[PDB]
Every structure is written in structure tokens, then in C-alpha cells.
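Residue numbers (the UniProt record's numbering): 37 to 200.
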């Protein structure tokens, strides 16, 4: 069978864990992701924390709202970064976990700032205000020495709420 199209929420930051994010401050003009495939995030923070809190951004108030600046220099920002690439965890050595995300929206970085910048290979989606736990599917821990997922140790998020 051929797959169906994706639901479209009216609120572009419907997914935000911190709704104080000010969408009008995002620069440059964001190109919102309209697909709904699984996204991924490398993070060293453990699933007990992420499943309780979701992914909260570092600074929705005074953080770096410019996406190009945030991608290039990684200051505290209103964004939580994710990737289209299931395998990007292989490039994140420090990071103990590959989180699986099923969330509407997000700013498509390469569509917003182009695909010629230094980190275009990361195929990132930046979530303004972060990501509520109901949109975090689960996680797989990563074996650092082989850069592989420990698949018998993946865990589903009890708070995940499928929506499509």
C-alpha cells in the first residue's frame, strides 16, 4: 500500500514543551516541516528525564533565535535540534542515546538557511519550544565503541501518544 499524507496542525509550535517560544522572533523566515516521518535526537540525558519532561529548550526567553547562528555556534537557544537521519547518532560519540521522535512541525533547517552550510549533512529539524513527551516515541542506547544501537535495550516512552 501507498502511505497517506500527514495531518497539519494550525499551530506551527503545537509540539512545544515550552509554549513561551515567540515564533515571530525566528529568523530567517522559517520553512516548516510538513512531513511526519520519525525524527531522531542524540542526547546524553537519560530517558527517565526525557520521558518525564520531554525535550525542553535551553533558553526560550533570551536564547539565540537566529537559526543560522544557532547551527553554526550552538549558543543557548529556544530550539531543540533533531535530525531526519536515523544514523546520525554514529557521528555523536559523547552521546549515549538515540531518541526516536514522532512530532508535528519543526523548522526544516536546510530548507530555511540552505543546504550549503557547514552542517547541512546533519539534515536537522529545529523545534522551537522543544518537544512534549507525548511526541517522544522511545530511545535506544548506543554502544560507544562500535557506534551501534543496543537494540535489546531500547525502551518505549509510556507517554507517547500516536497521532497519525
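Backbone N, C-alpha and C fix where the C-beta goes; we use that ideal spot for every residue, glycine too.
Residue closest to residue i, alpha-carbon to alpha-carbon, out of the options
i, options, result
"residue 147", "65, 54, 45, 43", "65"
"residue 201", "154, 176, 183", "The chain is shown only over 37 to 200; residue 201 falls outside these bounds and no answer can be derived."
"residue 132", "111, 95, 50, 182", "182"
"residue 136", "149, 125, 144", "125"
Distance between residue j and residue i (C-alpha atoms, nearest Å)
i, j, result
"residue 167", "residue 156", "22 Å"
"residue 101", "residue 113", "6 Å"
"residue 164", "residue 57", "6 Å"
"residue 92", "residue 180", "25 Å"
"residue 60", "residue 71", "22 Å"
"residue 128", "residue 63", "27 Å"
Secondary structure of residue i, DSSP reduced to three states
i, result
"residue 149", "helix"
"residue 168", "coil"
"residue 185", "strand"
"residue 191", "strand"
"residue 107", "helix"
"residue 70", "coil"
Cβ neighbour criterion (16 or more within 10 Å) applied to residue i
i, result
"residue 198", "exposed"
"residue 109", "exposed"
"residue 106", "buried"
"residue 115", "buried"
"residue 138", "buried"
"residue 184", "exposed"
Element boundaries [alpha helix (DSSP H), containing residue i]
i, result
"residue 97", "Residue 97 -> no alpha helix (DSSP H), and no H or E assigned at all."
"residue 113", "Note, residue 113: premise wrong, no alpha helix (DSSP H); not H, not E."
"residue 159", "That residue, residue 159, is in no alpha helix (DSSP H); it is neither H nor E in DSSP."
"residue 88", "83-89"
Span of the beta strand (DSSP E), counted from its first residue to its last, around residue i
i, result
"residue 75", "75-79"
"residue 135", "133-137"
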